[PDB]
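Reminder that position 15 of the sequence shown reads as 56 in the deposited numbering, one-by-one numbering, no gaps.
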Amino acid sequence: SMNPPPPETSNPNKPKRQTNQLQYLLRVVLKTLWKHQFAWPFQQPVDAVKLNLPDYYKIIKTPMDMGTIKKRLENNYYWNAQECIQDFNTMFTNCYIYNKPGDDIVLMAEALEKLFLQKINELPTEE
Ligand SMILES: O=c1cc(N2CCOCC2)oc2c(-c3ccccc3)cccc12
Numbered sequence: 042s043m044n045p046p047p048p049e050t051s052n053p054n055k056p057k058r059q060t061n062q063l064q065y066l067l068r069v070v071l072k073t074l075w076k077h078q079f080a081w082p083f084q085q086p087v088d089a090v091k092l093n094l095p096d097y098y099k100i101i102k103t104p105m106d107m108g109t110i111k112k113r114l115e116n117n118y119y120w121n122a123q124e125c126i127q128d129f130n131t132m133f134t135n136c137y138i139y140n141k142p143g144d145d146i147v148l149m150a151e152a153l154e155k156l157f158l159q160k161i162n163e164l165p166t167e168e
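Written out as structure tokens, the structure is:
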């Protein structure tokens, strides 16, 4: 069994921009989610080999996790906040697609998403 390569986190051809919104996404949003008691499964890509989930990457074709998001924020991969917000949403929706309502991992994702949306409500206006 094999895992796919992780999502891209470095590309010198992709234009980059540091914005106050992206800085908030790293300093407030990512940091707040990372320390939550339910963050740990989401801090790195799903290792479907070690978890014995051989169909995972047959169902989830846009993998995303907060370890990748952290790297993208810390390595200035993004042009805008919407790209980063989309990554968080991809992570949550993957979990809801692959698993059943009320499953433990779904409850964990939902707790993180509730917190994420609360933080997004305070996203600062662009400079
Ligand atoms: O969608 C997912 C399904 C699961 N699975 C299926 C249910 O049993 C446990 C493994 O695991 C996930 C994990 C994870 C769970 C436990 C340990 C490490 C990572 C992290 C992110 C998403 C998923």
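Even for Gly, the Cβ is constructed at its ideal location relative to N, Cα and C.
The Cβ atoms of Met132 and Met149 do not sit closer than 8 angstroms to each other.
Taking the CA atoms as reference points, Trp120 sits about 34 angstroms from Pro95. When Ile146, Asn93, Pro165, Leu164 are compared, the shortest CA-CA separation from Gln78 is found for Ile146. Taking the Cβ of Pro165 as the reference point, every heavy atom of ligand 1 lies at 7 angstroms or farther away. The criterion of a C-beta distance shorter than 8 angstroms is not satisfied by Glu151 and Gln62. Burial is judged here by how many other beta carbons sit within 10 angstroms of a residue's own beta carbon; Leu66 has at least 16 and is buried.
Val87 has its Cβ nearer than 7 angstroms to a heavy atom of ligand 1. Rounded to the nearest whole angstrom, the CA to CA distance from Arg113 to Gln127 is 13 angstroms.
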